[PDB]
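Taking the form solved without the partner chain, here's one chain by itself in structure tokens.
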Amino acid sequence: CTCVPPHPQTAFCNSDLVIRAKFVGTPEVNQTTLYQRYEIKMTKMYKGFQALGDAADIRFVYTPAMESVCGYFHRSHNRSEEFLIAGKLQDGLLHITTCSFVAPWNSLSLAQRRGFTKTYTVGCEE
């Protein structure tokens, strides 16, 4: 599972939901899910509008709870730390993996900060 950061063209466009957020909840691990969930202070959505049923259709992240899977090892207790999330939806719930484009906005380019805010949903092609 542990792959290398995949082209944002691919991550932006291939993914069916991308948004910047803060983590403000703990991961719920069912014994009989195969997946888990994390809660997050969703700041703004970049990709998902068509899924933006109401306004906020992405406030938790659903990854598989497997061993060889790429869930989402989240190491951040800061509820004021923003983030970047590339991920498609599953019957409603968001899905992500450590081999999906997912990292600190704050680590992004100012241009690719705008790009994701305006430019990478139609011109995702990094």
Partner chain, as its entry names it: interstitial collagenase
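Residue numbers count along the first chain shown, from 1.
The same protein also exists as the form solved in complex with the partner chain; that form is not shown, yet it is the one meant from here on.
Although the partner is absent here, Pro27 lies well away from the partner chain in the entry with it bound, with no heavy atom inside 4.5 Å. The closest non-hydrogen atom of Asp54 lies beyond 4.5 Å of the partner chain in the entry with it bound. The partner chain in the entry with it bound is approached by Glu67, whose closest heavy atom lies within 4.5 angstroms of it.
The partner chain is not drawn, but in the entry with it bound it has a heavy atom within 4.5 Å of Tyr35.
Looking at 76-84, 54-62, 40-48, 95-103, the stretch with residues near the partner chain in the entry with it bound, meaning non-hydrogen atoms within 4.5 angstroms, turns out to be 95-103.
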